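Participant: Let me start by giving you these chains from the complex, positioned as in the assembled structure:
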Amino acid sequence: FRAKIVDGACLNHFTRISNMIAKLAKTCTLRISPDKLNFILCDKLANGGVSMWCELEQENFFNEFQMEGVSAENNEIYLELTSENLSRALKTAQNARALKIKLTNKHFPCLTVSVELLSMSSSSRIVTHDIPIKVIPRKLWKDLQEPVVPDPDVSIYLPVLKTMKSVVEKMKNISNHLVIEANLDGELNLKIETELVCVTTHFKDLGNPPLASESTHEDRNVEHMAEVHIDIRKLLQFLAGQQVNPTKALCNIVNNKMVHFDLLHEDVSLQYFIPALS
Amino acid sequence: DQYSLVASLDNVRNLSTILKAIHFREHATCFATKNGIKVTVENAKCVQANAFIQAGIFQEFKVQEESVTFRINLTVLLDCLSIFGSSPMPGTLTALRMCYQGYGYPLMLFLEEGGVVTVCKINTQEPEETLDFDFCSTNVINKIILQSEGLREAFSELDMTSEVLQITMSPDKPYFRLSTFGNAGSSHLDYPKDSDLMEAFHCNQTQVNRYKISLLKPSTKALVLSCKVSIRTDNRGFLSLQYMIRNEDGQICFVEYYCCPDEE
């Protein structure tokens, strides 16, 4: 059993995360955890299903919100829904007062976003109650449907994620294959090449992150150079939801088979993973 | 360098739009003379659509031999000179383009807007010379300028059926008539002279002609965000020469729909 309240514009800050979810994933999986863990996970059948992991701590944006299930062998609990129902249910509460969220019983166990609103017309009460239709996933599935992984090939800060985007919509007209190039000199190249037309794009003047090891200087070395690798209109998916240009934007190409993205903007960090062939 | 053609712009949007304003068929023939570029859309043998940008609008224009001509994906071209921008600002969009002997047609574009500048490199190829199609410049009968505003407003009723133009006979006050004929619905638009600013009429003999509306359709829609000349010939046929007065940041721009059928 599980129950929460939201009260502020934290509310809207929660609302635009859920549409920030509905818009890049059709059937996310949500984990209420102990008092500070709220993530959204994407993979039902569909093979990998890319992989989106999105932690947002409930720590800050909530008055009271409690947690405990007759959960086997742990206290973190997972449950999964059609992403709409969270979002639809949510974008009618960005207007004022409150919103309770909790699991139901019979009538087909579900997520139940109770949502209160102001009734200016003298002293009335007005309440909505939306029932998302959800599945608590099995004991075992927990282990095997995890997203986090620490991976270091080539990292770089991203341009305007909406100027970048203004491009992909046009590229997807011309080809379905996309090649990603990044650099040690803030360079970035969006690349289509079909037989009738070849279209490429050069995103100069960026940055690059530095990590370190256990030593007494800057760090170790390798023997690497520039970094290519191909993809699809999956890039265009993660891009369409980024309507508030992330406060930190990242793209770590991994050795010609991964593409990582590390978005964190204000409190809500969001991670997105595109694979490389066809 | 050494090339059929080279052209730099500082504002792509001048080629972009006027180009955009004739884009219905998949491809186009852009014959480039030493005077500018005229790109032409040829529908089904009853509709030319022309589009002539003179070089004086290109901030730099150069052409080796009087023949520079070719076909290109009009769709996939236009898609490139708007690679990133439905929404500009005080920031601008630049175009530069370099063609030669009969293999490759590349384009160079950068955009600058509040923090970084972005070069994008395009290369669209060239197919056949196709079947040249040349219409009429014989004689005019009645000529008629109308307004940018009012006549797009009038196009409001989407009829999808048939077209008839009309131009009346009187000592002073004429009339100019549109009319559609669809499933239960004849509908008539006609403009009298009052408040004609550059909206001048030359009705000189009485005349009424017929157009299939299936061809002229893209014309009005896609091109007439600006004001036109309606001129009906009667020399080698009876046919419509809409040619619209378009323009960006003050320049001699024009495109040109000749059209000519009866019924069907």
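Facilitator: Ah, there it is. Numbering: from 1, shown residues only, chains lettered A, B, ... in the order given.
Participant: only C-alpha atoms for contact and neighbour calcs from this point on.
Facilitator: OK.
Participant: Contact residues of chain B facing chain A?
Facilitator: Counting by CA under 8 Å from any CA of the partner chain, the positions of chain B adjacent to chain A are B:76, B:79-80, B:83-86, B:116-125.
Participant: Which of the helices or strands spans the residue lying farthest from the centre of chain B?
Facilitator: Most distant residue from the mean C-alpha position of chain B: residue B:115, 35.8 Å away (CA atoms, centre = their mean). In this structure, residue B:115 sits in neither a helix nor a strand according to DSSP states H and E.
Participant: That one: what's it in contact with?
Facilitator: Not one residue lies near residue B:115 by CA atoms under 8 Å, 6 or more residues apart in numbering or on different chains.
Participant: Pull out the buried residues from stretch A:75-86.
Facilitator: A:76-86 (16 or more other CA atoms under 10 Å in any protein chain shown).
Participant: From the chain's centroid, how far away is that stretch?
Facilitator: Relative to the centre of its chain, stretch A:75-86 is centred 14 Å away, using CA atoms, centre = their mean, to the nearest Å.
Participant: what's the first-to-last distance across that stretch?
Facilitator: 23 Å (CA to CA, to the nearest Å).
Participant: what do you get for stretch B:151-167?
Facilitator: OK, stretch B:151-167 end separation, CA to CA: 16 Å.
Participant: List of residues touching it?
Facilitator: Contacts of stretch B:151-167 (CA under 8 Å, 6+ apart): B:142, B:174-182, B:189, B:203, B:206-214, B:220-221, B:224-225.
Participant: what separates that stretch from the chain centre, distance-wise?
Facilitator: On the basis of CA atoms, centre = their mean, stretch B:151-167 sits 18 Å off its chain's mean C-alpha point.
Participant: Could you do stretch B:186-195 as well?
Facilitator: Distance, centroid of stretch B:186-195 to centroid of chain: 24 Å (CA atoms, centre = their mean).
Participant: Pull out the CA atoms of it and give them to me as PDB.
Facilitator: Extracted C-alpha coordinates of stretch B:186-195, given in PDB (Å, rounded to 0.1, in the frame of the first residue of the first chain):
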ATOM      1  CA  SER B 186     -22.700  27.300 -57.000                       C
ATOM      2  CA  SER B 187     -20.900  30.100 -55.300                       C
ATOM      3  CA  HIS B 188     -19.800  33.500 -56.700                       C
ATOM      4  CA  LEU B 189     -17.000  35.900 -55.800                       C
ATOM      5  CA  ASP B 190     -16.900  39.300 -57.600                       C
ATOM      6  CA  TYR B 191     -15.000  42.600 -56.900                       C
ATOM      7  CA  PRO B 192     -16.100  46.100 -57.900                       C
ATOM      8  CA  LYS B 193     -13.400  48.900 -58.300                       C
ATOM      9  CA  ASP B 194     -13.900  50.800 -55.100                       C
ATOM     10  CA  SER B 195     -10.600  51.000 -53.100                       C
END
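Participant: Drop chain C onto that structure:
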Amino acid sequence: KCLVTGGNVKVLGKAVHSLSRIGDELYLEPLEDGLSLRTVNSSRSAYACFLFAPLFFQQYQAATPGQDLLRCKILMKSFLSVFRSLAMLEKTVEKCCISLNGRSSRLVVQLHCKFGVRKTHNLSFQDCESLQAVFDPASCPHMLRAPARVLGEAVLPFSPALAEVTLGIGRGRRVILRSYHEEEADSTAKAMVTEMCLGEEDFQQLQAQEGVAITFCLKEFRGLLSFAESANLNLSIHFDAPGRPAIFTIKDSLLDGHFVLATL
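Facilitator: Below, chain C sits with the chains from the block before:
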């Protein structure tokens, strides 16, 4: 003849639009107390009429003479797209006159717009007329009167723009509920339930009958709701159980609006 002028032009346009989401054909009845705008369901399950007092018109005529069928029938989409795709193009101030004629070709609607007049002729062939006065009285014991605005509030929460089932219910104890439902719920079978519920006195008038529901198609409803302009007062009159429909009436100065939607 019936001449609407000025701002009233929009109010019938919006008035007609509301009917245009209840059926596919329009029963334009003139009658000395006003032009009536009738229309029924694709299925004869739910009807809708909008009456307009002669006073709102500049001119109005339907004089007694004859038992000639002065009732004009018309594809809703051939009339609406005349009536939605015109006035919203308001220049400085225009005038409209629906000129019904006695003798021959049924309907003529035409628009004045300074210079350049538009004139749609609506052939309403298939010589046929449905008819009868249908003023089904306060047949229902339940009356609900509400600022139309407030009724919107209630539809905002569960508003996919697709919800056929919506269950208006006067249950609990003087709190109006608005649930909806479907029960099928296995391996992949689905249904998400939304309930909006409302203050007692958030309504002008609530006649209480604890625990009676009525499910009507929220598409049709929304139609009369959308005409939630000028803070019109909405009126929900319904009898119990299914057959006996709901009556969604709207009172005004010259507008009389009336909506029958059959409760499932």
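Participant: now that chain C has been added, could you go back to the contacts of stretch B:151-167?
Facilitator: B:142, B:174-182, B:189, B:203, B:206-214, B:220-221, B:224-225, C:81-82, C:85-86, C:89, C:118.
Participant: With stretch A:116-130 instead?
Facilitator: Applying CA under 8 Å, 6+ apart, the set of residues contacting stretch A:116-130 is A:89, A:93, A:95-99, A:112-115, C:157, C:192-202.
Participant: ok, now which residue in chain A is the farthest from the centroid?
Facilitator: Farthest-from-centroid check, chain A (CA atoms, centre = their mean): residue A:122, 41.5 Å.
Participant: Count the neighbours of the closest residue to residue A:250 other than its chain neighbours for me.
Facilitator: Using CA to CA, 6 or more residues apart in numbering or on different chains and skipping residues adjacent in sequence, the residue nearest residue A:250 is residue A:157, 4.5 Å away. Per other CA atoms under 10 Å in any protein chain shown, the neighbour tally for residue A:157 reads 21.
Participant: how far away is residue A:157 from residue C:127?
Facilitator: 72 Å.
Participant: start to end distance for stretch B:231-250?
Facilitator: End residues of stretch B:231-250 are separated by 25 Å (CA to CA).
Participant: does any bit of the helix or strand in which residue A:199 is found sit next to chain B?
Facilitator: In the assignment (DSSP H and E), residue A:199 maps to strand A:197-202. Yes: using CA under 8 Å from any CA, strand A:197-202 reaches chain B at A:197-202.
Participant: Tell me the strands beside the following helix or strand past that strand, with direction?
Facilitator: Scanning forward in sequence from strand A:197-202 by DSSP H and E, the next helix or strand is strand A:230-231. The pairing partners recorded for strand A:230-231 under DSSP bridges are strand A:178-182 (antiparallel).
Participant: Run through who's touching the partner strand.
Facilitator: A:154, A:156, A:188-192, A:226-233, A:253.
Participant: List the pairing partners of the next helix or strand along the chain from it within its sheet, with orientation.
Facilitator: Downstream of strand A:178-182, the next assigned helix or strand under DSSP H and E is strand A:188-193. Using DSSP bridges, the strands paired with strand A:188-193 in its sheet are strand A:178-182 (antiparallel), strand A:197-202 (antiparallel).
Participant: Mind putting those into TSV with distance to residue B:245 and mean neighbour count?
Facilitator: What follows is these, written out as TSV (distance: least, CA to CA, whole Å; neighbours: other CA atoms under 10 Å in any protein chain shown):
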stretch	distance to residue B:245	mean neighbour count
strand A:178-182	40	21
strand A:197-202	32	20
